[PDB]
Each structure stands twice: as C-alpha cells, then as structure tokens.
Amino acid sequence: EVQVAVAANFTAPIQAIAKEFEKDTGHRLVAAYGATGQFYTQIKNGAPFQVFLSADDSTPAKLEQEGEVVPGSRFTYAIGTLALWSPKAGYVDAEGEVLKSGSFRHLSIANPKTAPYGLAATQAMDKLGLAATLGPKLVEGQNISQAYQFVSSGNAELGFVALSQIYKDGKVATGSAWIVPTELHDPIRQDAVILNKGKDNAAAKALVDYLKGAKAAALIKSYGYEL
C-alpha cells in the first residue's frame, strides 16, 4: 500500500527490507528505482510516490522548500560509502594507485548531475587533484546501478560504485576495491521523507517507523551503510 521512490544504490537493500516489512506489518512496499535527481523531477510532476528514499539530504530538503514534503518528515536512514571497483581481482590495488598509474580508457561513474554517488565520485577526483586527467576517461551511467553494470559487463575497466553493490557480511565480497576515504568527498548522508501524497497514509507511517527499527537497522548495516 506504500509507493516508494528508491535511489538506485538502495535497490537490493529495500528489496530485502520489503520482504520483512510485508510479513511484519502486512503493507506491501512497491518500489521504483533510479537516480535521486530523476525522482526529484517525477515527484515535481505528480508521480504517485508516497515515500522518497534519497541518496543525499539536499534533494529532500529542496523538495520541502518547494512544498512537496510533509514538514517533520525528513530523517537520515543510511550513510553510504564510495568504492573504486573492478571484478578483476588484480586490477584495483588496495590504495587506489590505479587512478594515478593505470592505463584504463574508461572510468565509470554515475551521472553527477542526478546521482549523489556520481557527485561523490567527482568530488573525490577533484580533491585528489586528478579531475583534469581522469575527466576525458569518464563514462556516465544514468544512476549508480548503471555505472556499476558498465564495470560488471566490461564496458569500463573500473568504476566508482556504491559499497552496497559489492559488500556482504562485513566485507567486499567480489573483485578488487579501494574504499574512498571520506575526506575526499561530502559524507553520503541518505535522507528519507514522506511526500505530500503520503501524509496521513498508514503504510507510509509504518514504513518510516520500520526503517528506524531493529530488523531494518541490521539489514542496512549488512550492506555497508552506517546509521
């Protein structure tokens, strides 16, 4: 009974939370996935979403200034991490020296105009002093899921991906990765919000309470997010 717009980094997490949420509360979570920025437009245009799980905090804040949000509704549900990643175990070294030494032609990022995880990537390359040399090599996905898939499918040698896409059981579980240290970019604070069409909706209220709950908190951290 709850239409949720879900930033692509949070695709697998919400599919998992949706299964326990349905069983526990009886309300069905119907999720659309995509870039935070694309949902900003859809919401502005009348999309039926009732809850919005952003990959940032500024987009929910922007929507509230423009009257699309229930005041009092904004909270942080997860804090993400950026990783440089390749499915090839020898390719991305433990310190990220490939960004400086590598011979790759394609570096995958999510569209930084719509994807907070892409913005974190361009902040990190900028603070590394590598924006001018890596810029020509960039290939932009429409969201962090597409950016990841470019690397997984071999359309780019490596990419800046969401930790949630490669992390299981407290560990990067596949390929080779460098965890981007936070000082290189703004913390990836991911905020949730009840939208106008979710005001006074029982499933919407149940969901945000659930996201703050014990079963949701354990799943969220199992994908590498901090709370």
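Note that residue numbering follows the sequence shown and begins at 1.
A summary of the deposited B-factors shows that, of 88-96 and 75-83, the stretch with the larger mean C-alpha value is 88-96. The deposited model assigns a higher average Cα B-factor to 135-143 than to the other stretch when 135-143 and 116-124 are compared. Note on 171, 185, 199, 189: the highest value goes to 199, judged by CA B factor as recorded. In the deposited entry, the Cα temperature factor of residue 40 places it in the highest third of its chain's modelled residues. Split the chain's modelled residues into thirds by C-alpha temperature factor. Residue 7 is in the lowest one.
Looking at the C-alpha B-factors along this chain, the one for residue 101 belongs to the highest third. Residue-level temperature factors show residue 60 in the middle third of its chain, judged at the C-alpha atom.
When the CA B factors of the chain's modelled residues are split into thirds, the value for residue 194 lands in the middle one.
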